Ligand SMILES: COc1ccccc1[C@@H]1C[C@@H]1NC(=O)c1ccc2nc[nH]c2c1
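Just one chain follows, in the form deposited without the ligand, and it is written as C-alpha cells.
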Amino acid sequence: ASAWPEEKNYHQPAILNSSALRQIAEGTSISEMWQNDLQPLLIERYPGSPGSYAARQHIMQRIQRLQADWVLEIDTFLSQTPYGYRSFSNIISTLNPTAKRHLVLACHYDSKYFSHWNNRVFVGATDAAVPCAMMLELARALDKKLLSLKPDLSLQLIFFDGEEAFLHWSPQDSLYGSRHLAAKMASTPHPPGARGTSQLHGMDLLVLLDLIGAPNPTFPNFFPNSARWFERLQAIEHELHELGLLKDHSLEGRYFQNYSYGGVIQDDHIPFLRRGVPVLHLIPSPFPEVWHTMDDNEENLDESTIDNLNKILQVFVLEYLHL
C-alpha cells in the first residue's frame, strides 16, 4: 500500500537565492499582463452569458500559445439554480496529467450577475478577473521553466465557473463549479489505474486566489495544515522586499501578516477543504471596499500591489516545484 499521498506532508521547498529572485522579479511584466491577460476579462461574464464564453476562450487561448505542455479540459455540467437548470463550465489546465501529485492554483472566472444599473455593468475586477490574469501571467512568465517538466509533482490551474450566488449566498446557490469539481475529483481514481486513491489525494495544496487587486490587502493565515506554506509566502515577501524587488511596499504594510482568522469564509475552497484537501486561501480580510459593487473596476485596482503579488506567487510556485 503506497504512502505517496503522504508525501505532501514532508515536502519542502527548494529556496531561490538572490540572483534567482532578481531573475523572477525581472521576468514578469505587469503592463503585459494588464493588456494581454486582464483587460479582455473585464467584461460581464456571469454563467451562461456570451461573456462567459468569451472569457473561457480567452483563458484557453492564452494558455494554448505557451510552450509548456498544458492539457486543457472543459468540465461542463448542469445544476439546479434559483433560475432553474443551467449549464456551467470549469476550465482545468494541467501539466503532466498522470503525475501523481499536483500543486494547484485556482480562482473563479465567472462574474456575479447584476442587471445593468444606470448604465453600469459589474465586471468584478478584483473578483476575480485579476486573480485569473495573475494565473495566466504566471504561466507565461514561468513558461520556460515549466517546459522543463515535460518528486512525481507538477502544476495544475483551475478556473471555476459559478462561484457566485445568482441571488445572495446560500448553501445551494453559490460554489456551483467547485462543489461539482471537488465531488468529481473525489470520485476519480488517480493516477490512472489506481485502486484506492483519487485526484483529491493527488492535490498537494490548493492555493485559491480571490478578491485581489485593491490597495493594502492583508491575508490571514487561515488553516493550520497549510500554515507552514503561509510562512513561506511571508518569507518570500520579506526577502523580495529586502532585495529591493517590490514596488511601493513596506514591511509595516506587508500583505502576509502574522494573524489567523477562525471564522469561515465561503469560497471555492470549501468543497475541497471539507474533503480533506490542504488549502492556502489567498483572500484578504477585510474584503476590498468595492466588493460586490459596480466600483469593482479597473480604475480602482492597485497596479504595483498586483505586480508585487505576481512576484511573490511566482517565486512560491518555483520553490514548491523545485524549478
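From 1 onward, residues are counted along the sequence shown.
The protein also exists as the form solved in complex with the ligand; that form is not presented, and the subsequent description refers to it.
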property	result
Listed residue (266, 29, 49, 257) with a non-hydrogen atom within 4.5 angstroms of the ligand in the entry with it bound	266
Candidate from 210, 237, 204, 137 lying within 4.5 Å of the ligand in the entry with it bound - any heavy atom	210
Segment that reaches the ligand in the entry with it bound - one of 158-166, 228-236, 183-191, 247-255, heavy atoms within 4.5 Å	158-166
Interface membership of residue 114, the ligand in the entry with it bound, 4.5 Å heavy atom rule	yes
Exercise: residue 292 in contact with the ligand in the entry with it bound, heavy atom 4.5 Å	yes
